[PDB]
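Only one structure is covered here, and it is reproduced in the block below.
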Amino acid sequence: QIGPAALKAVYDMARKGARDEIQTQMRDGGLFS
Amino acid sequence: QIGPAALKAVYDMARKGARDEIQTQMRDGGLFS
Amino acid sequence: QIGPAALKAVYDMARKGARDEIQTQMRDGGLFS
Amino acid sequence: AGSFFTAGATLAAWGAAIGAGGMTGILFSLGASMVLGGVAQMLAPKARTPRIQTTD
Amino acid sequence: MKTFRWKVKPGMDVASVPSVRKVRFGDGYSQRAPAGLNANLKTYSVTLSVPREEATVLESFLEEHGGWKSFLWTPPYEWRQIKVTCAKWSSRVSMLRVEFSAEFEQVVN
Amino acid sequence: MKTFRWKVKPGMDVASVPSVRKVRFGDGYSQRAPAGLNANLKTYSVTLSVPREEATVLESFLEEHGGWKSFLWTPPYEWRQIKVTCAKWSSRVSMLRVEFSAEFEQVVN
Amino acid sequence: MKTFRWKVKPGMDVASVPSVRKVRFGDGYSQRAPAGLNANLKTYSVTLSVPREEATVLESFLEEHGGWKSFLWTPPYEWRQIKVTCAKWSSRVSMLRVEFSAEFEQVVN
Amino acid sequence: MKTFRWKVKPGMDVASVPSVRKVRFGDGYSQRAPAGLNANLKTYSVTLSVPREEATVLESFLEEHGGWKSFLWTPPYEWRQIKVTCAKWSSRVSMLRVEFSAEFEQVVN
Amino acid sequence: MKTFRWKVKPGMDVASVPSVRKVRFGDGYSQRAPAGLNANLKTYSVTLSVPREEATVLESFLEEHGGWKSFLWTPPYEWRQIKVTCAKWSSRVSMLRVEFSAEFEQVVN
Amino acid sequence: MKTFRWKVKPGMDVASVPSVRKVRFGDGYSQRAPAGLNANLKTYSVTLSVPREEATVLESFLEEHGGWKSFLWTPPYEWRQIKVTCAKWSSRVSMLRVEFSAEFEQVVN
Numbered sequence: 817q818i819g820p821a822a823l824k825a826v827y828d829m830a831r832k833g834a835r836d837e838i839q840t841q842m843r844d845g846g847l848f849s
Numbered sequence: 817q818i819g820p821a822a823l824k825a826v827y828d829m830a831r832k833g834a835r836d837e838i839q840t841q842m843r844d845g846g847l848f849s
Numbered sequence: 817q818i819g820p821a822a823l824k825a826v827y828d829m830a831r832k833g834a835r836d837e838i839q840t841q842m843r844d845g846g847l848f849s
Numbered sequence: 113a114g115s116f117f118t119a120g121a122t123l124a125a126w127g128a129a130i131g132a133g134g135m136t137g138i139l140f141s142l143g144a145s146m147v148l149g150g151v152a153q154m155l156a157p158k159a160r161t162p163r164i165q166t167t168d
Numbered sequence: 001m002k003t004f005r006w007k008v009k010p011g012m013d014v015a016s017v018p019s020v021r022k023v024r025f026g027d028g029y030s031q032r033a034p035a036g037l038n039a040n041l042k043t044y045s046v047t048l049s050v051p052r053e054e055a056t057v058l059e060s061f062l063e064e065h066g067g068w069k070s071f072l073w074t075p076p077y078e079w080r081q082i083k084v085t086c087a088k089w090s091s092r093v094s095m096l097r098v099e100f101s102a103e104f105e106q107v108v109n
Numbered sequence: 001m002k003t004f005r006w007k008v009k010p011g012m013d014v015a016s017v018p019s020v021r022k023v024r025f026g027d028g029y030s031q032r033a034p035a036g037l038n039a040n041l042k043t044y045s046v047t048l049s050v051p052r053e054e055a056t057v058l059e060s061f062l063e064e065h066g067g068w069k070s071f072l073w074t075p076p077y078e079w080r081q082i083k084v085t086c087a088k089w090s091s092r093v094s095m096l097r098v099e100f101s102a103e104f105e106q107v108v109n
Numbered sequence: 001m002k003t004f005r006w007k008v009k010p011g012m013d014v015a016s017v018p019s020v021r022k023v024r025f026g027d028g029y030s031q032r033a034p035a036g037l038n039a040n041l042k043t044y045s046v047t048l049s050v051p052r053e054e055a056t057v058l059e060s061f062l063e064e065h066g067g068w069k070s071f072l073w074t075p076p077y078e079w080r081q082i083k084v085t086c087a088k089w090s091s092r093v094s095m096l097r098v099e100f101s102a103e104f105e106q107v108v109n
Numbered sequence: 001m002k003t004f005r006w007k008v009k010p011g012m013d014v015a016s017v018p019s020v021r022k023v024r025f026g027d028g029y030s031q032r033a034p035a036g037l038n039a040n041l042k043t044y045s046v047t048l049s050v051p052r053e054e055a056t057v058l059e060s061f062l063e064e065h066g067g068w069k070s071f072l073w074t075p076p077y078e079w080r081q082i083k084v085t086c087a088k089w090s091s092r093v094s095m096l097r098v099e100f101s102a103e104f105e106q107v108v109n
Numbered sequence: 001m002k003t004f005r006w007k008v009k010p011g012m013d014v015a016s017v018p019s020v021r022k023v024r025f026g027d028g029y030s031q032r033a034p035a036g037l038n039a040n041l042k043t044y045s046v047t048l049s050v051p052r053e054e055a056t057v058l059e060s061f062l063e064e065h066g067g068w069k070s071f072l073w074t075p076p077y078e079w080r081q082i083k084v085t086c087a088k089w090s091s092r093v094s095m096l097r098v099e100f101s102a103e104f105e106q107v108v109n
Numbered sequence: 001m002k003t004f005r006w007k008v009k010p011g012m013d014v015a016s017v018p019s020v021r022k023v024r025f026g027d028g029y030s031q032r033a034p035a036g037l038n039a040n041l042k043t044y045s046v047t048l049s050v051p052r053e054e055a056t057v058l059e060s061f062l063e064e065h066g067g068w069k070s071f072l073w074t075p076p077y078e079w080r081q082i083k084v085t086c087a088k089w090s091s092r093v094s095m096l097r098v099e100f101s102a103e104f105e106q107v108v109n
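Top to bottom, those sequences are chains g, O, H, P, m, E, K, Y, M and e. To convert, note that position 14 of the first sequence is 830 in PDB author numbering; the numbers rise steadily by one, no gaps. To convert, note that position 32 of the second sequence is 848 in PDB author numbering; the numbers rise steadily by one, no gaps. To convert, note that position 4 of the third sequence is 820 in PDB author numbering; the numbers rise steadily by one, no gaps. To convert, note that position 28 of the fourth sequence is 140 in PDB author numbering; the numbers rise steadily by one, no gaps. To convert, note that position 99 of the fifth sequence is 99 in PDB author numbering; the numbers rise steadily by one, no gaps. To convert, note that position 9 of the sixth sequence is 9 in PDB author numbering; the numbers rise steadily by one, no gaps. To convert, note that position 3 of the seventh sequence is 3 in PDB author numbering; the numbers rise steadily by one, no gaps. To convert, note that position 64 of the eighth sequence is 64 in PDB author numbering; the numbers rise steadily by one, no gaps. To convert, note that position 40 of the ninth sequence is 40 in PDB author numbering; the numbers rise steadily by one, no gaps. To convert, note that position 47 of the tenth sequence is 47 in PDB author numbering; the numbers rise steadily by one, no gaps.
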């Protein structure tokens, strides 16, 4: 795996994970992000 | 490395990083997440 | 790629992505994080 | 917090096998995450209070 | 059946790589601890060569255990009976003989 | 079509690698389970050599199933007919013959 | 021009690896579906040997198409005219001859 | 300095690999475009052998341009002068001769 | 047990790899520091050949220390006794002899 | 001590790979700039063969510098004295001679 192309994929997967975690925290217990 | 398991591991690591960043921003300066 | 060194890089990229997503959601529509 | 002990176990045998379908990685022990608000928060839900109003 | 009674070819590898607790930051002071109690359980890269007729019997033995269910075995290395487990045991079926490449990892339970 | 009639010359690779559930405890102890309910499936690394005129028939047979679908085959290893699927079947052309390399995977279905 | 009219060397690889839909969790019950309608479009690893003078014509032909613009070709494998596309076509320019290494992946449109 | 005068002995690699825009639709259909506007640039895997006294001149010539900048060269492949850039030029010294292995990349500039 | 008495036949590999702190500035300048305080430790890629009866003794010696712990050894390189640790010691069995391969890492401790 | 005064074996590699600033999006227009002032600082894969007695002296010289502390050296390539740094310098100790494999990267400061 070449680093330059993999870094963008890792960044975008991180963005997706952050969005999913934010939406999860807006639930009842959570943290309300 | 094989792409499937690597992508899953990256997703869980991203979720953990997002949770840590959210809990960090709830401190004094931060952004209050 | 040795896993021990790559995991820290993935964690830091995840932290950066989480911060970017949080700052993005504080815009007009968003979720206000 | 720093890749100081990711190489402490060296992760070599797991990394060379990326994981498995039988077993999962990245367990991320919830020790310090569940204790951030306090030990009393892990046992009780910390009842809330209304916002202070200047009209009062 | 609980005993591997077949014979292995001359060239067999034995890997040990024991499990220890290592603490060393950068290239400074280092500390080492024996970690667990059963430190090294070794690993034998066993190879066999058997006529085509006994290949079925050998694979029946290895298949019945099926990864779990360790069996007794006396390696020609230290001549002490141990308990081992196999998980791959690939095979190659030539015109008159078949060769088995298996990995025996020693266990305790 | 249902049955594979061609024959494998050189000595194939028959890989078992059963799936097990393994837990590694602390000082040398462990816990193992067979994970699944019906054995392991086992796969054959098969290679045919055929005249250039018959390679078209073999290609048609291997392409009709097309990755999915299963056909009967009696491996020259245990002589028990099994259901297999082929998914790659690379083929190399020569002056008068064609050499097929393929991976047959046994399937319950 | 729309037809590849050169001759290929004896050794040529033909890979198929068709496209199927596979559903299988762990090592349990598995289901396979044919996926698309044009299942496998194969791939031919073509090698050519041409004098240094005609290498210019061969590269002009392969370069005018330029990755897109599939062209007609009759492989010496099944003798049926198909439409193929090339994307690499590396070359080695020896003292008197040149060797072309190209990949022809067949298409539909 | 503009022109490359040294000569390539053994037979070089002339790689084209054009860039195309490819979309794969469902049941075997696709959509292809040439992506760019001016062809593919093509690269040469060049290798020189020179007397030990002339290697200094070759290295001075290859270092003056220093990765960037372009020089004229007429490849012994199509005999059309092109502008190229070299960025690695590994060199191996011996008793009486020095062997250079370099990668010349054609540039519009 | 403290001292290693067996002898190394073939010609080992003695790798130093000092650890330094290096900063690369802009137009060709840099800044280097020795990072640590006490030299570099160096590691030896050692191989033994032993009769099939003494292999058990060698294994017992290398297993008593078990990855951690250090033993004295005078390498046939500088003839200065040093403290070393071994952590892998792979071994290949043969008809009349056993060939050990190991990595001895020098330790201050 | 500040001058590597030993002799290197015939076959040694000299890699240059200069540092340039490249801007090119996709396969469109490209712009190249010389980047820094000391563009290419090369790298010499030096190999030595020395009797077992002088191996200690050579290793002491290489270890005292220890990664940092560049030293003066005249490569047999351009015969111009430069300042170089070594970082690995592995060694292999045969029955009568020892070979050194070192990497010399030249510096400015």
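Every residue, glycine too, gets a C-beta built ideally from N, C-alpha and C.
- Burial is judged here by how many other beta carbons sit within 10 angstroms of a residue's own beta carbon; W79 of chain m has fewer than 16 and is exposed.
- Each of e:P34, e:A15, e:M12 and e:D13 was checked against the Cα of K22 of chain e, and the nearest Cα belongs to e:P34.
- For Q106 of chain K, the enclosing beta strand (DSSP E) begins and ends at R97 to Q106.
- In this structure, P18 of chain E keeps its C-beta atom at 8 Å or more from the C-beta atom of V93 of chain m.
- Close partners of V20 of chain Y in chain K (Cβ separation under 8 Å): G66, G67, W68 and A87.
- Under the three-pair Cβ rule at 8 Å, the segment 54-70 of chain m does not count as touching the segment 151-165 of chain P.
- Sequence-distant partners of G149 of chain P (beyond 5 residues in either direction) whose C-beta falls short of 8 Å from its own C-beta, in its chain, are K158.
- In this structure, the beta-carbon distance from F4 of chain m to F71 of chain m falls below 8 Å.
- Taking the Cα positions, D27 of chain Y is about 52 Å away from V14 of chain m.
- For the 8 Å CB-CB criterion, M1 of chain M and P10 of chain m do not form a contact.
- The C-beta of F140 of chain P comes closer than 8 Å to at least one C-beta of chain O.
- Listed in chain order, the alpha helix (DSSP H) runs fully inside the segment 53-85 of chain K are 55-65, counting runs of at least 4 residues.
- Taking a C-beta cut-off of 7 Å against chain e, the contacting residues of the segment 10-38 of chain M are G11, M12, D13, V14, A15, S16, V17, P18, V20, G26, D27, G28, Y29, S30, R32, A33 and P34, listed in chain order.
- Around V8 of chain M, the same chain offers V46, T47, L48 and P76 as residues with beta carbons nearer than 7 Å, after the five sequence neighbours per side are excluded.
- Under DSSP, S49 of chain Y takes part in a beta bridge, and its partners are Y:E99.
- Residues of chain H with a Cβ closer than 7 Å to the Cβ of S115 of chain P are, in chain order, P820, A821, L823 and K824.
- Contact of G845 of chain O with chain g is not assigned, every C-beta pair being separated by 8 Å or more.
- Taking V107 of chain e as the centre and dropping the five residues before and after it, the same chain places the C-beta of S70, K83 and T85 closer than 6 Å to its C-beta, in chain order.
- In the structure shown, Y44 of chain E falls within a strand segment according to DSSP collapsed to helix, strand and coil.
- Put simply, the CB of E78 of chain M is near chain e, with a gap under 8 Å to one of its CB atoms.
- Per DSSP, reduced to three states, the secondary structure at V93 of chain M is strand.
- Among the residues facing chain m, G131 of chain P is not included, as its CB has no counterpart in that chain under 8 Å away.
- Using a Cβ distance threshold of 8 Å, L41 of chain K and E103 of chain K do not count as a contacting pair.
- Judged by DSSP in its simplified three-state form, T3 of chain K adopts strand.
- At least one C-beta of chain O is nearer than 8 Å to the C-beta of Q841 of chain g.
- For the segment 142-161 of chain P, the set of residues with a beta-carbon nearer than 7 Å to any beta-carbon of chain H is empty.
- Using beta-carbon distances, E53 of chain E does not count as an interface residue toward chain K, since no partner is under 8 Å.
- When DSSP reads this structure, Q31 of chain Y sits in a beta bridge with Y:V23.
- About 4 Å separates the beta carbons of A834 of chain O and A834 of chain H, which is inside the 8 Å limit, making them a contact pair.
- Secondary structure at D13 of chain e: strand, using DSSP grouped into helix, strand and coil.
- Distance from the CA of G66 of chain Y to the CA of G36 of chain e, rounded to the nearest whole angstrom, comes to 11 Å.
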